[PDB]
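Colleague: The following file, work.pdb, comprises PDB, C-alpha atoms:
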ATOM      1  CA  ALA A   1    -159.084 177.252-179.593
ATOM      2  CA  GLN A   2    -158.725 173.499-180.001
ATOM      3  CA  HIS A   3    -154.957 173.647-180.548
ATOM      4  CA  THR A   4    -152.135 175.065-178.409
ATOM      5  CA  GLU A   5    -149.695 177.861-179.207
ATOM      6  CA  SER A   6    -145.951 177.203-179.011
ATOM      7  CA  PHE A   7    -142.822 179.310-179.421
ATOM      8  CA  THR A   8    -141.995 178.164-182.966
ATOM      9  CA  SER A   9    -145.554 178.062-184.313
ATOM     10  CA  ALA A  10    -145.286 181.414-186.110
ATOM     11  CA  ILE A  11    -141.887 180.974-187.794
ATOM     12  CA  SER A  12    -142.222 180.390-191.537
ATOM     13  CA  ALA A  13    -139.639 178.910-193.908
ATOM     14  CA  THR A  14    -138.225 182.228-195.121
ATOM     15  CA  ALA A  15    -138.151 183.679-191.604
ATOM     16  CA  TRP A  16    -136.145 180.700-190.359
ATOM     17  CA  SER A  17    -133.807 180.854-193.362
ATOM     18  CA  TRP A  18    -133.284 184.596-192.827
ATOM     19  CA  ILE A  19    -132.100 184.307-189.230
ATOM     20  CA  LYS A  20    -129.826 181.336-189.952
ATOM     21  CA  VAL A  21    -128.175 183.365-192.716
ATOM     22  CA  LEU A  22    -127.496 186.199-190.258
ATOM     23  CA  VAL A  23    -126.338 183.721-187.603
ATOM     24  CA  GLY A  24    -123.933 182.072-190.041
ATOM     25  CA  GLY A  25    -122.696 185.323-191.590
ATOM     26  CA  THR A  26    -121.449 186.945-188.379
ATOM     27  CA  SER A  27    -119.937 183.654-187.218
ATOM     28  CA  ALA A  28    -118.098 183.369-190.546
ATOM     29  CA  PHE A  29    -116.613 186.863-190.194
ATOM     30  CA  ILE A  30    -115.268 186.022-186.725
ATOM     31  CA  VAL A  31    -113.579 182.788-187.810
ATOM     32  CA  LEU A  32    -112.176 184.574-190.868
ATOM     33  CA  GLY A  33    -110.481 187.023-188.512
ATOM     34  CA  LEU A  34    -109.509 184.260-186.083
ATOM     35  CA  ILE A  35    -107.876 182.220-188.860
ATOM     36  CA  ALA A  36    -105.842 185.206-190.073
ATOM     37  CA  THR A  37    -104.809 186.234-186.545
ATOM     38  CA  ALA A  38    -103.071 182.920-185.816
ATOM     39  CA  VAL A  39    -101.650 182.599-189.348
ATOM     40  CA  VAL A  40     -99.461 185.701-189.000
ATOM     41  CA  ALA A  41     -98.273 184.541-185.574
ATOM     42  CA  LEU A  42     -96.899 181.439-187.307
ATOM     43  CA  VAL A  43     -95.038 183.425-189.969
ATOM     44  CA  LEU A  44     -93.719 185.789-187.278
ATOM     45  CA  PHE A  45     -92.446 182.727-185.398
ATOM     46  CA  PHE A  46     -90.911 181.347-188.614
ATOM     47  CA  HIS A  47     -88.970 184.452-189.669
ATOM     48  CA  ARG A  48     -86.858 184.257-186.500
ATOM     49  CA  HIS A  49     -85.841 180.643-187.176
TER      50      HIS A  49
ATOM     51  CA  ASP B   1     -71.674 209.465-188.523
ATOM     52  CA  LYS B   2     -75.049 210.894-187.461
ATOM     53  CA  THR B   3     -76.840 209.383-184.445
ATOM     54  CA  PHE B   4     -78.713 211.955-182.393
ATOM     55  CA  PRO B   5     -79.393 211.098-178.729
ATOM     56  CA  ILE B   6     -82.670 211.472-176.830
ATOM     57  CA  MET B   7     -82.973 214.020-174.017
ATOM     58  CA  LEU B   8     -85.124 213.793-170.890
ATOM     59  CA  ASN B   9     -84.587 216.537-168.260
ATOM     60  CA  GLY B  10     -80.972 216.984-169.386
ATOM     61  CA  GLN B  11     -79.620 213.481-168.815
ATOM     62  CA  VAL B  12     -78.932 211.163-171.751
ATOM     63  CA  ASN B  13     -80.995 207.966-171.770
ATOM     64  CA  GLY B  14     -81.620 207.042-175.417
ATOM     65  CA  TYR B  15     -80.182 207.205-178.916
ATOM     66  CA  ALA B  16     -81.924 207.626-182.276
ATOM     67  CA  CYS B  17     -80.289 206.621-185.559
ATOM     68  CA  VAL B  18     -80.900 207.580-189.189
ATOM     69  CA  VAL B  19     -80.829 204.964-191.963
ATOM     70  CA  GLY B  20     -81.417 205.200-195.695
ATOM     71  CA  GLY B  21     -85.018 206.332-196.061
ATOM     72  CA  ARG B  22     -86.136 206.171-192.419
ATOM     73  CA  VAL B  23     -85.368 207.066-188.800
ATOM     74  CA  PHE B  24     -85.363 204.762-185.761
ATOM     75  CA  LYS B  25     -86.113 205.155-182.058
ATOM     76  CA  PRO B  26     -86.360 202.477-179.334
ATOM     77  CA  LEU B  27     -89.516 202.045-177.272
ATOM     78  CA  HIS B  28     -87.863 201.402-173.887
ATOM     79  CA  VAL B  29     -87.071 205.104-173.353
ATOM     80  CA  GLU B  30     -89.141 208.276-173.075
ATOM     81  CA  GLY B  31     -87.927 211.709-174.076
ATOM     82  CA  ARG B  32     -87.692 214.360-176.757
ATOM     83  CA  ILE B  33     -85.077 214.551-179.500
ATOM     84  CA  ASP B  34     -83.149 217.821-179.254
ATOM     85  CA  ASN B  35     -83.144 218.234-183.052
ATOM     86  CA  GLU B  36     -86.050 220.409-184.172
ATOM     87  CA  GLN B  37     -86.260 218.749-187.599
ATOM     88  CA  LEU B  38     -86.351 215.341-185.874
ATOM     89  CA  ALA B  39     -89.036 216.358-183.352
ATOM     90  CA  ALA B  40     -91.953 217.303-185.637
ATOM     91  CA  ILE B  41     -91.995 213.886-187.340
ATOM     92  CA  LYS B  42     -94.952 211.616-186.589
ATOM     93  CA  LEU B  43     -93.134 208.687-184.952
ATOM     94  CA  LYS B  44     -95.681 205.859-184.917
ATOM     95  CA  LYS B  45     -95.459 203.027-182.394
ATOM     96  CA  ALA B  46     -95.185 199.385-183.436
ATOM     97  CA  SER B  47     -94.411 195.860-182.226
ATOM     98  CA  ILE B  48     -90.971 194.381-181.492
ATOM     99  CA  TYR B  49     -90.100 194.782-185.204
ATOM    100  CA  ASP B  50     -89.715 198.535-184.384
ATOM    101  CA  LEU B  51     -91.429 200.358-187.240
ATOM    102  CA  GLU B  52     -90.930 204.131-187.196
ATOM    103  CA  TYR B  53     -91.591 206.861-189.767
ATOM    104  CA  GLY B  54     -88.895 208.634-191.761
ATOM    105  CA  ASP B  55     -90.973 211.613-192.890
ATOM    106  CA  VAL B  56     -87.922 213.922-193.193
ATOM    107  CA  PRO B  57     -87.091 214.899-196.819
ATOM    108  CA  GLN B  58     -84.269 213.689-199.048
ATOM    109  CA  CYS B  59     -81.699 216.462-198.521
ATOM    110  CA  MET B  60     -80.308 214.951-195.291
ATOM    111  CA  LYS B  61     -81.572 211.389-195.870
ATOM    112  CA  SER B  62     -79.322 208.286-195.949
ATOM    113  CA  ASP B  63     -76.464 209.137-193.617
ATOM    114  CA  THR B  64     -75.730 205.397-193.484
ATOM    115  CA  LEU B  65     -76.883 202.311-195.370
ATOM    116  CA  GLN B  66     -78.430 199.184-193.878
ATOM    117  CA  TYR B  67     -76.526 195.932-194.272
ATOM    118  CA  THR B  68     -77.019 193.675-197.297
ATOM    119  CA  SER B  69     -77.112 189.868-197.355
ATOM    120  CA  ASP B  70     -74.133 187.448-197.035
ATOM    121  CA  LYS B  71     -73.334 188.140-193.387
ATOM    122  CA  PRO B  72     -70.099 186.495-192.149
ATOM    123  CA  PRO B  73     -69.149 186.003-188.485
ATOM    124  CA  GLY B  74     -66.245 188.393-189.125
ATOM    125  CA  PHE B  75     -65.328 191.827-187.789
ATOM    126  CA  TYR B  76     -68.048 194.365-186.962
ATOM    127  CA  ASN B  77     -67.422 197.803-185.502
ATOM    128  CA  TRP B  78     -69.054 199.306-182.430
ATOM    129  CA  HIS B  79     -69.021 202.639-180.603
ATOM    130  CA  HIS B  80     -67.215 201.237-177.551
ATOM    131  CA  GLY B  81     -65.242 198.579-179.434
ATOM    132  CA  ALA B  82     -65.835 195.661-181.792
ATOM    133  CA  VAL B  83     -68.008 192.557-182.154
ATOM    134  CA  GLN B  84     -67.444 189.366-184.193
ATOM    135  CA  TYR B  85     -70.680 187.355-184.245
ATOM    136  CA  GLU B  86     -73.651 186.835-186.579
ATOM    137  CA  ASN B  87     -75.997 184.286-184.959
ATOM    138  CA  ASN B  88     -75.679 185.904-181.509
ATOM    139  CA  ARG B  89     -73.835 189.005-180.313
ATOM    140  CA  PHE B  90     -70.274 188.972-179.024
ATOM    141  CA  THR B  91     -69.177 188.668-175.394
ATOM    142  CA  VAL B  92     -67.922 192.235-175.055
ATOM    143  CA  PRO B  93     -66.208 193.063-171.729
ATOM    144  CA  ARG B  94     -67.470 195.447-169.050
ATOM    145  CA  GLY B  95     -67.751 199.206-169.365
ATOM    146  CA  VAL B  96     -70.249 198.726-172.164
ATOM    147  CA  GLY B  97     -73.396 197.433-170.511
ATOM    148  CA  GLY B  98     -74.399 200.499-168.533
ATOM    149  CA  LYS B  99     -77.612 202.479-168.952
ATOM    150  CA  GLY B 100     -78.876 204.634-171.797
ATOM    151  CA  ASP B 101     -76.886 202.901-174.551
ATOM    152  CA  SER B 102     -80.020 201.684-176.351
ATOM    153  CA  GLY B 103     -80.266 202.502-180.037
ATOM    154  CA  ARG B 104     -76.534 202.724-180.724
ATOM    155  CA  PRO B 105     -75.965 201.175-184.170
ATOM    156  CA  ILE B 106     -73.642 198.261-184.911
ATOM    157  CA  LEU B 107     -71.706 198.808-188.135
ATOM    158  CA  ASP B 108     -69.561 196.683-190.432
ATOM    159  CA  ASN B 109     -66.082 197.495-191.753
ATOM    160  CA  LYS B 110     -67.573 199.414-194.697
ATOM    161  CA  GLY B 111     -69.612 201.796-192.531
ATOM    162  CA  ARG B 112     -72.894 199.941-193.098
ATOM    163  CA  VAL B 113     -75.230 199.441-190.141
ATOM    164  CA  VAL B 114     -76.105 195.833-189.257
ATOM    165  CA  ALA B 115     -77.926 195.792-185.909
ATOM    166  CA  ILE B 116     -79.434 198.175-183.352
ATOM    167  CA  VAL B 117     -79.049 197.285-179.675
ATOM    168  CA  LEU B 118     -81.945 197.307-177.204
ATOM    169  CA  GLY B 119     -80.965 195.235-174.160
ATOM    170  CA  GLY B 120     -78.605 192.856-172.435
ATOM    171  CA  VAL B 121     -77.116 194.769-169.462
ATOM    172  CA  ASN B 122     -74.809 192.132-167.956
ATOM    173  CA  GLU B 123     -74.934 188.349-168.377
ATOM    174  CA  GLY B 124     -71.896 187.439-166.283
ATOM    175  CA  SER B 125     -68.457 186.919-167.804
ATOM    176  CA  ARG B 126     -70.052 186.817-171.274
ATOM    177  CA  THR B 127     -72.359 189.733-172.088
ATOM    178  CA  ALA B 128     -74.977 189.319-174.813
ATOM    179  CA  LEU B 129     -76.900 192.007-176.687
ATOM    180  CA  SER B 130     -80.561 191.856-177.699
ATOM    181  CA  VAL B 131     -80.608 193.419-181.175
ATOM    182  CA  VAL B 132     -82.750 193.527-184.299
ATOM    183  CA  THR B 133     -81.454 192.292-187.648
ATOM    184  CA  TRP B 134     -82.538 190.763-190.952
ATOM    185  CA  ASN B 135     -82.516 186.988-190.763
ATOM    186  CA  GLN B 136     -82.030 185.373-194.164
ATOM    187  CA  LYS B 137     -83.912 187.240-196.912
ATOM    188  CA  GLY B 138     -84.153 190.767-195.528
ATOM    189  CA  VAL B 139     -87.100 190.131-193.199
ATOM    190  CA  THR B 140     -86.453 192.220-190.091
ATOM    191  CA  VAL B 141     -86.510 190.049-186.956
ATOM    192  CA  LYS B 142     -85.769 190.694-183.276
ATOM    193  CA  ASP B 143     -83.268 188.529-181.383
ATOM    194  CA  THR B 144     -83.328 188.358-177.576
ATOM    195  CA  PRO B 145     -81.069 186.099-175.485
ATOM    196  CA  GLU B 146     -82.256 184.725-172.162
ATOM    197  CA  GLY B 147     -82.623 187.137-169.251
ATOM    198  CA  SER B 148     -82.123 190.271-171.361
ATOM    199  CA  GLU B 149     -83.046 193.317-169.293
ATOM    200  CA  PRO B 150     -84.031 196.503-171.199
ATOM    201  CA  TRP B 151     -80.780 198.416-171.704
TER     202      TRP B 151
END
Go ahead and express the file in the form of structure tokens.
Modeller:
Amino acid sequence: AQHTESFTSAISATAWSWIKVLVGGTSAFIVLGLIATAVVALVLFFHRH
Amino acid sequence: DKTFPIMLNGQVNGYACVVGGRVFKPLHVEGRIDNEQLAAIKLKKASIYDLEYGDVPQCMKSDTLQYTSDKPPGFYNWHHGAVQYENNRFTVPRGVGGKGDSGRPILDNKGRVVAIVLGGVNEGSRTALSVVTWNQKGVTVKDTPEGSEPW
């Protein structure tokens, strides 16, 4: 071969868009839970005073 | 009134009260209620808001009613005496402040329960009580003064 293989030589456009959807989906579910966990701590701290 | 205590190897260490539609039990004590109808109920644990399950039917339900809004700092009745305080709890003298008095309800003049005690053994000349209550619009909150041991 004249050329040289790399790590990211085989990744196409749809393969790279598929894994960045799954990376962003599971990170969005975590920060949805993390937003709602600290929201109810604020309303629990506001009912007392 | 109706407020059944909690047994553990004979000695009395806790008290359980019955309100309109539900039953209560503090989490600082361990033991079995001597009432057979009050022992088969699935009492589910909770946070400091103290959620329990009143799964008993209607025919003995609502021995007493929980307090409404418009709470003055006026007279409130108690098993050992009286208390006159709304923001905090009154500086009751000694005698009350022992062990196993958790869960005893605090009632108004009209027999309506306001607060349920959980702590505050002895805070010097002035003794405070860590109770639960409804703050402004019926939302059930928990009030604890400083250095309140589980009582």
Colleague: Just the residues within 9 Å of segment 3-20 of chain B, please, counting only C-alpha atoms, with nothing from its chain fewer than 5 positions along; format it as a list in words.
Modeller: residues 25, 26, 28, 29, 30, 31, 32, 33, 34, 35, 54, 61, 62, 63, 64, 65, 66, 99, 100, 101, 102, 103, 104, 105, 113 and 116 of chain B
Colleague: Only residues of chain A matter here; which ones have an atom within 9 Å of chain B, counting all atoms listed in the file? Give them as a list in words.
Modeller: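 Close enough to count are residues 44, 47, 48 and 49 of chain A.
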Colleague: In Å to one decimal, how far is atom CA of residue 45 of chain B from atom CA of residue 29 of chain A?
Modeller: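 Here the two named atoms are 27.7 Å from each other.
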Colleague: For atom CA of residue 122 of chain B and atom CA of residue 145 of chain B, quote the distance in Å rounded to one decimal.
Modeller: 11.5 Å
Colleague: When you look at residue 72 of chain B with a cut-off of 9 Å (counting only C-alpha atoms), what residues show up, excluding the ones that are within fewer than 3 positions of it in the same chain? I need them as a PyMOL selection string.
Modeller: chain B and resi 75+84-86
Colleague: Hey, can you check how far atom CA of residue 42 of chain A sits from atom CA of residue 114 of chain B?
Modeller: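 Answer for the atom CA of residue 42 of chain A to atom CA of residue 114 of chain B separation: 25.4 Å.
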